[PDB]
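Beneath this line is the structure, given in structure tokens, with notes to follow.
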Amino acid sequence: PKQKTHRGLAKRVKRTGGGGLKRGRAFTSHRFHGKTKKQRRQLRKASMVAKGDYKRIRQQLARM
Amino acid sequence: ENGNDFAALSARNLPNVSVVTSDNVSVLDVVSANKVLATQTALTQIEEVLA
Amino acid sequence: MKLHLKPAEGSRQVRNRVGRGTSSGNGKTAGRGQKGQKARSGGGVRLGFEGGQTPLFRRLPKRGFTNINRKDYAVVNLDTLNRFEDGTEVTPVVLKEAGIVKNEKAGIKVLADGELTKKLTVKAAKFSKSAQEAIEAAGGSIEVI
RNA sequence: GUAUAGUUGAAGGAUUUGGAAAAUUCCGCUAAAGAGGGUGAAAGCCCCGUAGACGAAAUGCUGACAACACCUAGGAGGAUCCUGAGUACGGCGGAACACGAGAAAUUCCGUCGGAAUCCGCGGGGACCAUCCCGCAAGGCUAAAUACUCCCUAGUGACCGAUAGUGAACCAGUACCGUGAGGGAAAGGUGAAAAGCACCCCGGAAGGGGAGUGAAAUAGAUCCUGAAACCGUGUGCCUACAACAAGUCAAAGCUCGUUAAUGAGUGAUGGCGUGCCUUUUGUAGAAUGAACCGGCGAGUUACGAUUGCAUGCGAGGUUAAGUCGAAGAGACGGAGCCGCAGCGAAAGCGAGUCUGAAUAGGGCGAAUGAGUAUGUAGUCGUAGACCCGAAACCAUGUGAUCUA
RNA sequence: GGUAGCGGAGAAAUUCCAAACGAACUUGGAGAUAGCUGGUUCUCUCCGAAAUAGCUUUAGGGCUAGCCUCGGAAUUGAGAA
RNA sequence: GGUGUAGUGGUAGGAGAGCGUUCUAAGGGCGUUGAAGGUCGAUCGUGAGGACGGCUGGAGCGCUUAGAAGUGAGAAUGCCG
RNA sequence: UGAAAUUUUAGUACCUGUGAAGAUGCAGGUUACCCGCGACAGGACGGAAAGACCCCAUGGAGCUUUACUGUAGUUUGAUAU
């Protein structure tokens, strides 16, 4: 039978055109009065793939 | 060629001879043999399918 | 070449049979080493498991939605047109009909990369704001039908 | 027309080795038949057959076309009448829909409420309006689809007696348990039984002659007949000796090979704590093997990814399905992958997002090649390298023992 | 003759229910499950480690990072002493 | 392809090339003047292994090229004899 | 007449040492012709039973409770008959 892709990563990660993946940062949906104002600016913007976690995840997101 | 029923009913010979019509010519029927006899019209009906 | 045969060079490997004596290199535990659950029968954890550490997908947040009525097109840029020399009515038929646009998706859009020197005529369903200028520079005619 | 008995069906002799030829050597003949089996060894021409041709009293089956049954009419009008009731639908509580009450449409079930009648009623994923498509609450219906206890005719890069059915042999038998239940081992003389008349020892069993036979060291536990294990005879050595049992050196004694820098045996001297598994560590007094023989563990299907090879190459490629020998072998362009990205999205496009910004930044583009099949390495779903529990759930069987 | 396993019976001991009862026996789900034991069969050549950090209802398990190996690419001079 | 220089201990493991078993296909062969199997031999190759001869044995089997696997045994307080 | 448990191959000496840390087998010395028969039980960490004690399995089972979630039963209200 076919593989089944993960439905936790399809709702969190979208694939770019160069090969990598776009990722949305964390620590954004909670208390903010603890955090500073440089932090809450610099945690709006998306980051890329670290090549450690691209190994074990690659086969799950086989087509999406 | 086609129903040459008086020329196809005379090939239950020695194993020198195996006989294929103009449609069922495969690869193993040809590569195994050493020479091929063929009529004129069989060559034309080969050159229709094989363009 | 007859029945009594040669493959191409490098065309066909052999195999590697595992667990057949201690001088092939894979006898006594078969390339698995000592104990542990990577070395039992049918062991190994599921994919993406990292111990009880919360894995990467339960660490970063869910985001977005999908439109139900997304209508995206079947882009041809501009150089693909540059072999229909003069006067064709480029269209969602005869344009395709040689191996150009199989499976139009929602009608054909045209883009502007990168040089057209003909006098064609185009019938598509959308156009960029530079492909019209590139076509009318070369003296053609366009219509969004 | 077919199913259940059938008929007919071509062509060879001699020699050599043989116990016996189909084997060998010469010279022939046949084929709409050179597929297979049998005969004193391996057969186109010995036999049974095969290709072809022919054939049915009786019963059953399937076409056909006759008869007999059935069934089926137009155009216009629109005053009045009919068109499936405790039904539709709602509240409450559950189930079925990929949908777990969720913003929850559509389908049922239990209970309690409960409509309209063509100016009507339902549906288009809460709900309303507009538009569009449809008439529930009455029945019947062939084929394309899944299976094989059994019958006939076939095939296999399927097994060859610990294999293959548990069962090639009088096997669900012998045997075990009150019962439900569990369940084995065991194939082969030779071509022909021609299976040893007769004599001798012995109570017999058993044996030695004599015969049958090509062979009896093929004599019925009967083709071949390995290993552990038990014996007989002999070339060399051994009764002052501490030996993981070997190897290195070596006097004497005997022997004569796939001929060569020979074979057997070994007085005497040096050196030397077995084999596995598990461990920081083994000779271990950690853990396994009585010996010999047989059987006994990383595979296959469907996907994903990468290396190698092959054909095309800005393109590549079929699927289900029809004809075809369970086949190669053509039709079949629905579909899938690459050729353009960015954004959650409306959208824009070699550019786009955030932003007041023509600023900066992210991600793209600037020659930047994929695709189909084979093969190999790895992974996922399946029992997935095999062997091993204590326990869990659902049908059944037992109070002849004991309370 | 009667009483049956979620049960029966007990002048009470977790006692008996076909030599076994902290819940009988037989068949079926069932090749149950096991981060744990033991085993895994022919040979040669080339290279050849680790017993560490972080996190883990984790501490004899796993994950990435470090150390090994094979195939490419690119200027080099980036490596060393 | 003479000849130089350098290198060749090794567990888990990675890489490369070969030996051997049964079956299929095509070509070429052996066999009652003795095939497969068994026994003995003082033989050849770097390895797994391969020949030749003597005895037994009584109907089938090798060699070359490619292919497919129920493809190799010394240990499981293994199962059967 | 005729078994059984066990069993890596055994031509199986003593002392002081050495050694995963008390040896028939290692080292260095002492003692010792070859083969049996009846008795004793110091040793071969002797034989039988994959610890009767302890810890772990992110193991089971049986029992208790003001541990969590439920439920048979018992009760009360509306509604129907």
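Residue numbering restarts at 1 for every chain of the structure tokens, chains are lettered A, B, ... in their displayed order, and ligands are numbered from 1 as they appear.
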
Could the residues of chain D that have an atom at most 10 Å from chain B be listed as JSON lines, each with its closest atom pair and the distance in Å to one decimal, counting only C-alpha atoms (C1' of nucleotides) and ordered by chain and ascending residue number?
{"residue": "D:31", "atom": "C1'", "partner": "B:13", "partner_atom": "CA", "distance": 7.6}
{"residue": "D:32", "atom": "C1'", "partner": "B:9", "partner_atom": "CA", "distance": 5.7}
{"residue": "D:33", "atom": "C1'", "partner": "B:12", "partner_atom": "CA", "distance": 8.8}
{"residue": "D:34", "atom": "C1'", "partner": "B:14", "partner_atom": "CA", "distance": 6.4}
{"residue": "D:44", "atom": "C1'", "partner": "B:14", "partner_atom": "CA", "distance": 10.0}
{"residue": "D:51", "atom": "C1'", "partner": "B:12", "partner_atom": "CA", "distance": 9.8}
{"residue": "D:324", "atom": "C1'", "partner": "B:24", "partner_atom": "CA", "distance": 8.7}
{"residue": "D:327", "atom": "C1'", "partner": "B:26", "partner_atom": "CA", "distance": 10.0}
{"residue": "D:328", "atom": "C1'", "partner": "B:26", "partner_atom": "CA", "distance": 5.5}
{"residue": "D:329", "atom": "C1'", "partner": "B:24", "partner_atom": "CA", "distance": 8.0}
{"residue": "D:330", "atom": "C1'", "partner": "B:49", "partner_atom": "CA", "distance": 8.4}

Residues as selected, N, CA, C and O atoms (P, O5', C5', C4', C3', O3' and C1' of nucleotides), written as a PDB file, in the first residue's frame, can you do that?
ATOM      1  P     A D  31       3.974 -39.684 -46.694  1.00  0.00           P
ATOM      2  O5'   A D  31       3.804 -38.698 -45.462  1.00  0.00           O
ATOM      3  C5'   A D  31       2.825 -38.947 -44.469  1.00  0.00           C
ATOM      4  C4'   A D  31       3.092 -38.132 -43.234  1.00  0.00           C
ATOM      5  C3'   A D  31       3.189 -36.637 -43.456  1.00  0.00           C
ATOM      6  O3'   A D  31       1.918 -36.018 -43.451  1.00  0.00           O
ATOM      7  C1'   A D  31       5.024 -37.363 -42.170  1.00  0.00           C
ATOM      8  P     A D  32       1.275 -35.416 -44.793  1.00  0.00           P
ATOM      9  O5'   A D  32       0.336 -34.256 -44.248  1.00  0.00           O
ATOM     10  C5'   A D  32       0.902 -33.158 -43.546  1.00  0.00           C
ATOM     11  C4'   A D  32       0.067 -32.711 -42.371  1.00  0.00           C
ATOM     12  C3'   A D  32      -0.262 -33.779 -41.330  1.00  0.00           C
ATOM     13  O3'   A D  32      -0.235 -33.205 -40.029  1.00  0.00           O
ATOM     14  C1'   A D  32      -2.248 -32.796 -42.122  1.00  0.00           C
ATOM     15  P     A D  33       1.121 -33.134 -39.177  1.00  0.00           P
ATOM     16  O5'   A D  33       1.171 -34.501 -38.375  1.00  0.00           O
ATOM     17  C5'   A D  33       1.003 -34.496 -36.967  1.00  0.00           C
ATOM     18  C4'   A D  33       1.122 -35.874 -36.370  1.00  0.00           C
ATOM     19  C3'   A D  33       2.534 -36.448 -36.310  1.00  0.00           C
ATOM     20  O3'   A D  33       2.664 -37.245 -35.135  1.00  0.00           O
ATOM     21  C1'   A D  33       1.146 -37.903 -37.528  1.00  0.00           C
ATOM     22  P     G D  34       3.191 -36.626 -33.751  1.00  0.00           P
ATOM     23  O5'   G D  34       4.556 -35.897 -34.114  1.00  0.00           O
ATOM     24  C5'   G D  34       5.711 -36.650 -34.462  1.00  0.00           C
ATOM     25  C4'   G D  34       6.960 -36.088 -33.841  1.00  0.00           C
ATOM     26  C3'   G D  34       7.180 -34.598 -34.058  1.00  0.00           C
ATOM     27  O3'   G D  34       7.787 -34.034 -32.904  1.00  0.00           O
ATOM     28  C1'   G D  34       9.000 -35.808 -34.955  1.00  0.00           C
ATOM     29  P     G D  44      13.288 -42.201 -32.879  1.00  0.00           P
ATOM     30  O5'   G D  44      11.976 -41.871 -33.710  1.00  0.00           O
ATOM     31  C5'   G D  44      10.714 -41.790 -33.069  1.00  0.00           C
ATOM     32  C4'   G D  44       9.607 -41.669 -34.077  1.00  0.00           C
ATOM     33  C3'   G D  44       9.313 -42.927 -34.877  1.00  0.00           C
ATOM     34  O3'   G D  44       8.376 -43.762 -34.225  1.00  0.00           O
ATOM     35  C1'   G D  44       9.525 -41.064 -36.331  1.00  0.00           C
ATOM     36  P     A D  51      -4.793 -35.420 -31.999  1.00  0.00           P
ATOM     37  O5'   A D  51      -4.170 -35.194 -33.445  1.00  0.00           O
ATOM     38  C5'   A D  51      -3.395 -34.039 -33.718  1.00  0.00           C
ATOM     39  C4'   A D  51      -3.131 -33.867 -35.193  1.00  0.00           C
ATOM     40  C3'   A D  51      -4.338 -33.848 -36.112  1.00  0.00           C
ATOM     41  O3'   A D  51      -5.032 -32.611 -36.122  1.00  0.00           O
ATOM     42  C1'   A D  51      -2.690 -35.248 -37.028  1.00  0.00           C
ATOM     43  P     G D 324      -8.997 -13.773 -30.136  1.00  0.00           P
ATOM     44  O5'   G D 324      -7.412 -13.680 -30.051  1.00  0.00           O
ATOM     45  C5'   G D 324      -6.608 -14.116 -31.133  1.00  0.00           C
ATOM     46  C4'   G D 324      -5.146 -13.838 -30.894  1.00  0.00           C
ATOM     47  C3'   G D 324      -4.431 -14.744 -29.904  1.00  0.00           C
ATOM     48  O3'   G D 324      -4.066 -16.006 -30.433  1.00  0.00           O
ATOM     49  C1'   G D 324      -3.915 -12.517 -29.407  1.00  0.00           C
ATOM     50  P     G D 327      -1.629 -14.634 -21.628  1.00  0.00           P
ATOM     51  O5'   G D 327      -0.245 -14.761 -22.393  1.00  0.00           O
ATOM     52  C5'   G D 327       0.945 -14.326 -21.769  1.00  0.00           C
ATOM     53  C4'   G D 327       2.160 -14.684 -22.576  1.00  0.00           C
ATOM     54  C3'   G D 327       2.702 -13.594 -23.460  1.00  0.00           C
ATOM     55  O3'   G D 327       3.454 -12.598 -22.782  1.00  0.00           O
ATOM     56  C1'   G D 327       2.650 -15.597 -24.671  1.00  0.00           C
ATOM     57  P     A D 328       2.984 -11.057 -22.794  1.00  0.00           P
ATOM     58  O5'   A D 328       3.899 -10.305 -23.870  1.00  0.00           O
ATOM     59  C5'   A D 328       4.311 -10.918 -25.089  1.00  0.00           C
ATOM     60  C4'   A D 328       3.782 -10.230 -26.316  1.00  0.00           C
ATOM     61  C3'   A D 328       3.646 -11.126 -27.533  1.00  0.00           C
ATOM     62  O3'   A D 328       2.896 -10.403 -28.517  1.00  0.00           O
ATOM     63  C1'   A D 328       5.542  -9.775 -27.772  1.00  0.00           C
ATOM     64  P     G D 329       2.191 -11.127 -29.767  1.00  0.00           P
ATOM     65  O5'   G D 329       2.685 -10.310 -31.045  1.00  0.00           O
ATOM     66  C5'   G D 329       3.770  -9.380 -30.983  1.00  0.00           C
ATOM     67  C4'   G D 329       3.280  -7.960 -31.117  1.00  0.00           C
ATOM     68  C3'   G D 329       4.115  -6.889 -30.417  1.00  0.00           C
ATOM     69  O3'   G D 329       3.773  -5.643 -31.029  1.00  0.00           O
ATOM     70  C1'   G D 329       2.041  -6.975 -29.426  1.00  0.00           C
ATOM     71  P     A D 330       4.594  -4.287 -30.765  1.00  0.00           P
ATOM     72  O5'   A D 330       3.887  -3.232 -31.716  1.00  0.00           O
ATOM     73  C5'   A D 330       2.815  -2.445 -31.233  1.00  0.00           C
ATOM     74  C4'   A D 330       1.580  -2.616 -32.074  1.00  0.00           C
ATOM     75  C3'   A D 330       0.507  -1.572 -31.851  1.00  0.00           C
ATOM     76  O3'   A D 330       0.740  -0.418 -32.632  1.00  0.00           O
ATOM     77  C1'   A D 330      -0.461  -3.720 -31.753  1.00  0.00           C
TER      78        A D 330
END

Kindly provide, as a PyMOL selection string, the residues of chain C having any atom no farther than 8 Å from an atom of chain A, counting only C-alpha atoms. chain C and resi 47-48+57+59-64

Please produce a file of those selected residues containing N, CA, C and O atoms, as an mmCIF file, in the first residue's frame.
data_model
loop_
_atom_site.group_PDB
_atom_site.id
_atom_site.type_symbol
_atom_site.label_atom_id
_atom_site.label_comp_id
_atom_site.auth_asym_id
_atom_site.auth_seq_id
_atom_site.Cartn_x
_atom_site.Cartn_y
_atom_site.Cartn_z
ATOM 1 N N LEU C 47 8.774 6.790 12.702
ATOM 2 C CA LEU C 47 9.488 7.922 12.128
ATOM 3 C C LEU C 47 9.244 9.194 12.922
ATOM 4 O O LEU C 47 8.152 9.425 13.440
ATOM 5 N N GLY C 48 10.277 10.017 13.023
ATOM 6 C CA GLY C 48 10.131 11.287 13.689
ATOM 7 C C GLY C 48 10.015 11.226 15.190
ATOM 8 O O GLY C 48 9.705 12.242 15.813
ATOM 9 N N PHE C 57 7.330 18.893 15.315
ATOM 10 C CA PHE C 57 6.033 19.378 14.886
ATOM 11 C C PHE C 57 5.153 19.783 16.056
ATOM 12 O O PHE C 57 4.264 20.611 15.878
ATOM 13 N N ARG C 59 6.184 21.607 18.440
ATOM 14 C CA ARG C 59 6.995 22.646 19.034
ATOM 15 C C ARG C 59 6.782 23.989 18.368
ATOM 16 O O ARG C 59 6.947 25.017 19.020
ATOM 17 N N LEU C 60 6.380 24.001 17.096
ATOM 18 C CA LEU C 60 6.152 25.163 16.258
ATOM 19 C C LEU C 60 4.708 25.188 15.752
ATOM 20 O O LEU C 60 4.123 24.130 15.518
ATOM 21 N N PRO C 61 4.107 26.366 15.570
ATOM 22 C CA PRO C 61 2.649 26.462 15.572
ATOM 23 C C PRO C 61 2.003 26.202 14.224
ATOM 24 O O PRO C 61 2.605 26.352 13.163
ATOM 25 N N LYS C 62 0.732 25.834 14.304
ATOM 26 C CA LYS C 62 -0.107 25.638 13.137
ATOM 27 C C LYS C 62 -0.372 26.980 12.469
ATOM 28 O O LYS C 62 -0.487 28.008 13.138
ATOM 29 N N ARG C 63 -0.467 26.982 11.139
ATOM 30 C CA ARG C 63 -0.565 28.259 10.442
ATOM 31 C C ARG C 63 -1.265 28.122 9.100
ATOM 32 O O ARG C 63 -0.840 27.326 8.261
ATOM 33 N N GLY C 64 -2.308 28.918 8.892
ATOM 34 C CA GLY C 64 -2.834 29.188 7.568
ATOM 35 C C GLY C 64 -4.181 28.529 7.327
ATOM 36 O O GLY C 64 -4.749 27.864 8.193
#

With a cut-off of 10 Å, could you pull out the residues of chain E touching chain A and give me the nearest pair of atoms for each, distance in Å to one decimal, using only C-alpha atoms (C1' of nucleotides), ordered by chain and ascending number, as JSON lines?
{"residue": "E:63", "atom": "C1'", "partner": "A:56", "partner_atom": "CA", "distance": 9.6}
{"residue": "E:64", "atom": "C1'", "partner": "A:52", "partner_atom": "CA", "distance": 6.6}
{"residue": "E:65", "atom": "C1'", "partner": "A:52", "partner_atom": "CA", "distance": 8.6}

Leaving out region 5-22 of chain F and any residue of its chain fewer than 4 positions from it, which residues lie within 10 Å of it when counting only C-alpha atoms (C1' of nucleotides), given as a VMD selection string? (chain C and resid 25 to 26 31 to 34) or (chain E and resid 42 to 50 68 to 70) or (chain F and resid 47 to 49 69 71 to 72)

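Each of B:31, B:21, B:3, B:16 was compared to chain C using only C-alpha atoms, and B:31 turns out to be the nearest.
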
Would you give me, as number ranges by chain, the residues of chain F that come within 12 Å of chain B, using only C-alpha atoms (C1' of nucleotides)? F: 25-27

Quick check: residues of chain C within 6 Å of chain F, only C-alpha atoms (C1' of nucleotides), returned as number ranges by chain. C: 3-5, 33

Selected residues written out, N, CA, C and O atoms, as a short mmCIF file (atom, residue, chain, number, x, y, z; two decimals), in the first residue's frame:
data_model
loop_
_atom_site.label_atom_id
_atom_site.label_comp_id
_atom_site.auth_asym_id
_atom_site.auth_seq_id
_atom_site.Cartn_x
_atom_site.Cartn_y
_atom_site.Cartn_z
N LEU C 3 21.73 -16.84 -28.80
CA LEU C 3 21.27 -17.37 -27.52
C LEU C 3 22.39 -17.88 -26.62
O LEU C 3 22.20 -17.95 -25.41
N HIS C 4 23.55 -18.23 -27.17
CA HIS C 4 24.61 -18.82 -26.36
C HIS C 4 25.82 -17.92 -26.22
O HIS C 4 26.89 -18.40 -25.85
N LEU C 5 25.24 -14.50 -24.81
CA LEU C 5 24.56 -13.34 -24.26
C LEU C 5 25.49 -12.56 -23.34
O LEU C 5 26.27 -13.14 -22.59
N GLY C 33 25.14 -5.38 15.12
CA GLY C 33 25.91 -5.17 16.33
C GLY C 33 25.34 -5.89 17.53
O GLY C 33 24.69 -6.93 17.42
#
